[PDB]
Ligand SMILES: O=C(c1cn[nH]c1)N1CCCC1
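A single chain, nothing else alongside it, follows as structure tokens in the form solved without the ligand.
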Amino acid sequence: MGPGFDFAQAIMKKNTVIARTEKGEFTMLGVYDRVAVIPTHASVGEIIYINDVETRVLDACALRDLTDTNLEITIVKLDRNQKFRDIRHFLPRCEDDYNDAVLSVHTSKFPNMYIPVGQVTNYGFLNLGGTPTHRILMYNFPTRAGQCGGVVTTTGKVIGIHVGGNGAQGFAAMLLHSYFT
């Protein structure tokens, strides 16, 4: 509808796949090469379905900060026959707050879904499903089941992936350029 939704749509059309694990269907962001990200609660195994194609997982790493605290991001290398467009230059270098973000989801349940979530806070610490978690972004939208893995963008930046909510607020794990060197 405007330039925030334009950048979000460009990321969704070329840089997302539908990932299915034993824990459900997730929006999955491809970042570069055959490397993608998904929330750690997806419980990625040795095999994952990517747009309903059986796909070997070549590597999967659940990230933690140097406090040894959960970040809720898993980086997955996928045994695909195709690379993602390299979008690493749209990743923030630092922790920050943002205005006017969009959350975008694409699953069998929620295809072509875009939500203007507004102001994003560098929230930091969250007890997420009982697990101490760092680098959380927060927005004041009542996000629901089905939005985990959703991509959070501003104009020209891919800033996070949706990992949970409390009925009134939604929470995303930060994406940082340093995760993908």
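Numbers follow the displayed sequence, beginning with 1.
Although it is not shown, the form solved in complex with the ligand is what the next lines describe.
For this chain, the superposed copy of the ligand, brought over from its placement in the deposited bound form, stays clear of the backbone and C-beta atoms by more than 2.4 Å at every atom, so the pocket is open.
At the 4.5 Å threshold, heavy atoms of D59 reach the ligand in the deposited bound form.
The closest non-hydrogen atom of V102 lies beyond 4.5 Å of the ligand in the deposited bound form.
Residues from 61-77 that approach the ligand in the deposited bound form with a non-hydrogen atom closer than or equal to 4.5 Å are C61, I75, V76, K77, in the order they occur in the chain.
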